[PDB]
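Report on one structure; see the data block that follows.
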Amino acid sequence: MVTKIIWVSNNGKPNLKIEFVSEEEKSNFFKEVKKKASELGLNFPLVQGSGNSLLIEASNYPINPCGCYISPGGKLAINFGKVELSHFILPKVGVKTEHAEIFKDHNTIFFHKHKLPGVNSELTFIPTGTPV
(Lines of atoms letter the chains of each structure in order from A and count residues from 1; the text may use other names and numbers.)
(Lines give C-alpha, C1' and ligand atoms only; values in the text may rest on other atoms or scores of the structure.)
Protein backbone atom coordinates (compact mmCIF):
# COMPACT_ATOMS: atom_id res chain seq x y z
CA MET A 1 0.00 0.00 0.00
CA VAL A 2 0.76 3.69 -0.07
CA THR A 3 1.59 4.19 3.60
CA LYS A 4 1.40 7.99 3.64
CA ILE A 5 1.37 11.15 1.59
CA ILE A 6 3.08 14.40 2.58
CA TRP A 7 2.63 17.98 1.42
CA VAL A 8 6.18 19.18 0.82
CA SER A 9 7.71 22.34 -0.57
CA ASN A 10 10.55 22.14 -3.08
CA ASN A 11 12.10 25.23 -4.70
CA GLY A 12 9.18 27.25 -3.34
CA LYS A 13 6.52 25.05 -5.01
CA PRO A 14 4.10 22.49 -3.57
CA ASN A 15 4.72 18.80 -4.23
CA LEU A 16 3.06 15.65 -2.91
CA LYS A 17 5.42 13.01 -1.59
CA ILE A 18 4.04 9.44 -1.79
CA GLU A 19 5.55 6.61 0.31
CA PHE A 20 5.07 2.90 -0.30
CA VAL A 21 5.55 -0.22 1.78
CA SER A 22 8.16 -1.49 -0.72
CA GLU A 23 10.37 -0.48 -3.64
CA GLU A 24 8.51 -3.08 -5.74
CA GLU A 25 5.17 -1.38 -5.03
CA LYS A 26 6.67 2.06 -5.74
CA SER A 27 8.11 0.86 -9.05
CA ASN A 28 4.84 -0.76 -10.16
CA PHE A 29 2.89 2.39 -9.31
CA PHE A 30 5.39 4.56 -11.20
CA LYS A 31 5.19 2.36 -14.28
CA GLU A 32 1.41 1.98 -14.25
CA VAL A 33 0.72 5.67 -13.72
CA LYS A 34 3.22 6.75 -16.40
CA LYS A 35 1.63 4.19 -18.78
CA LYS A 36 -1.88 5.51 -18.11
CA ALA A 37 -0.73 9.13 -18.49
CA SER A 38 0.87 8.27 -21.84
CA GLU A 39 -2.36 6.58 -23.04
CA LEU A 40 -4.22 9.80 -22.19
CA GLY A 41 -1.66 12.05 -23.91
CA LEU A 42 -0.63 13.67 -20.61
CA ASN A 43 2.73 14.61 -19.17
CA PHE A 44 2.00 13.85 -15.52
CA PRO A 45 4.87 15.15 -13.31
CA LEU A 46 5.35 12.04 -11.19
CA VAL A 47 9.07 11.72 -10.40
CA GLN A 48 11.31 9.37 -8.42
CA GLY A 49 12.18 10.35 -4.83
CA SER A 50 13.84 7.34 -3.23
CA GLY A 51 13.68 3.56 -3.12
CA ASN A 52 10.16 3.74 -1.62
CA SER A 53 8.92 7.21 -2.56
CA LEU A 54 7.73 9.34 -5.46
CA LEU A 55 6.77 13.00 -5.82
CA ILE A 56 4.01 14.69 -7.75
CA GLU A 57 5.57 18.01 -8.78
CA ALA A 58 3.92 21.40 -9.29
CA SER A 59 1.60 22.29 -12.15
CA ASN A 60 2.88 24.54 -14.97
CA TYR A 61 -0.33 26.18 -16.23
CA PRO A 62 -0.89 26.98 -19.02
CA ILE A 63 1.90 24.88 -20.59
CA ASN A 64 1.12 21.77 -18.54
CA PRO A 65 -1.98 21.78 -16.28
CA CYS A 66 -0.94 18.59 -14.49
CA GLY A 67 0.49 18.69 -10.97
CA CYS A 68 0.13 20.32 -7.57
CA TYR A 69 -0.91 23.86 -6.77
CA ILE A 70 -2.28 25.83 -3.85
CA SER A 71 -5.86 26.90 -4.38
CA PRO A 72 -6.95 30.51 -3.60
CA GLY A 73 -8.52 29.22 -0.36
CA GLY A 74 -5.22 27.62 0.70
CA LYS A 75 -5.94 23.95 -0.08
CA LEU A 76 -3.40 21.64 -1.69
CA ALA A 77 -4.88 20.83 -5.11
CA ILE A 78 -3.78 18.29 -7.66
CA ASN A 79 -4.72 18.56 -11.34
CA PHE A 80 -4.60 15.16 -13.06
CA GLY A 81 -5.19 16.51 -16.59
CA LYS A 82 -8.08 14.17 -17.32
CA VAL A 83 -10.68 12.60 -15.07
CA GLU A 84 -9.51 9.15 -16.23
CA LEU A 85 -6.07 9.69 -14.69
CA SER A 86 -7.52 10.92 -11.36
CA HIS A 87 -9.87 7.94 -11.30
CA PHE A 88 -6.94 5.55 -11.97
CA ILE A 89 -4.64 7.09 -9.32
CA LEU A 90 -6.82 7.86 -6.31
CA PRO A 91 -7.69 4.25 -5.26
CA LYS A 92 -4.03 3.25 -5.64
CA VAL A 93 -3.04 6.05 -3.23
CA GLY A 94 -6.04 5.46 -0.92
CA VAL A 95 -7.48 8.99 -1.32
CA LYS A 96 -11.20 9.07 -0.57
CA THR A 97 -13.96 11.59 0.15
CA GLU A 98 -12.82 11.82 3.81
CA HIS A 99 -9.46 13.19 2.57
CA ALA A 100 -10.32 15.47 -0.36
CA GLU A 101 -13.01 17.15 -2.40
CA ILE A 102 -13.39 14.84 -5.42
CA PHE A 103 -15.75 15.59 -8.33
CA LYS A 104 -17.01 12.81 -10.58
CA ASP A 105 -16.49 14.59 -13.86
CA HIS A 106 -13.50 16.85 -13.11
CA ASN A 107 -9.75 16.43 -13.25
CA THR A 108 -8.74 18.16 -10.00
CA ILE A 109 -9.03 17.31 -6.29
CA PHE A 110 -8.57 19.54 -3.24
CA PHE A 111 -7.26 18.05 0.00
CA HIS A 112 -9.27 19.15 3.04
CA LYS A 113 -7.33 21.61 5.18
CA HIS A 114 -8.02 19.58 8.34
CA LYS A 115 -6.35 16.56 6.70
CA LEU A 116 -3.38 18.29 5.07
CA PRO A 117 -3.12 21.76 6.57
CA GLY A 118 0.34 22.79 5.29
CA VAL A 119 3.93 22.11 4.37
CA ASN A 120 5.27 18.88 5.89
CA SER A 121 1.80 17.72 6.95
CA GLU A 122 1.43 13.95 6.63
CA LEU A 123 -1.64 11.81 5.98
CA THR A 124 -1.53 8.09 6.79
CA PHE A 125 -3.90 5.46 5.44
CA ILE A 126 -5.71 2.48 6.97
CA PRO A 127 -4.93 -0.85 5.23
CA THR A 128 -8.16 -2.20 3.73
CA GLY A 129 -8.99 -5.27 5.85
CA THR A 130 -6.65 -4.72 8.82
CA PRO A 131 -7.56 -6.52 12.09
CA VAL A 132 -8.19 -4.26 15.11
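Mapped onto full-length UniProt numbering, the consecutive letters of the sequence shown carry residue numbers 1 to 132.
Backbone N, C-alpha and C define an ideal beta-carbon position, used for all residues, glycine too.
> From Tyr69 to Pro131, what does the alpha carbon distance come to, in whole angstroms?
Replying inline: 36 Å
> Taking buried to mean at least 16 other C-beta atoms within 10 Å of its own C-beta, is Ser22 buried or exposed?
Replying inline: exposed
> What runs of the beta strand (DSSP E), each 3 residues or longer, lie entirely inside the region 92-132?
Replying inline: 108-111 and 122-124
>> Once the 5 residues before and after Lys36 are set aside, which same chain residues still bring their CB inside 7 Å of it?
In response: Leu85 and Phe88
>> Distance check for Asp105 and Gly74, CA to CA, integer angstroms please.
In response: 23 Å
> Whose CA, out of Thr97, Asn107 and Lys31, lies closest to the CA of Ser59?
Replying inline: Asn107
> How long is the line joining the alpha carbons of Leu123 and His99, rounded to whole angstroms?
Replying inline: 9 Å
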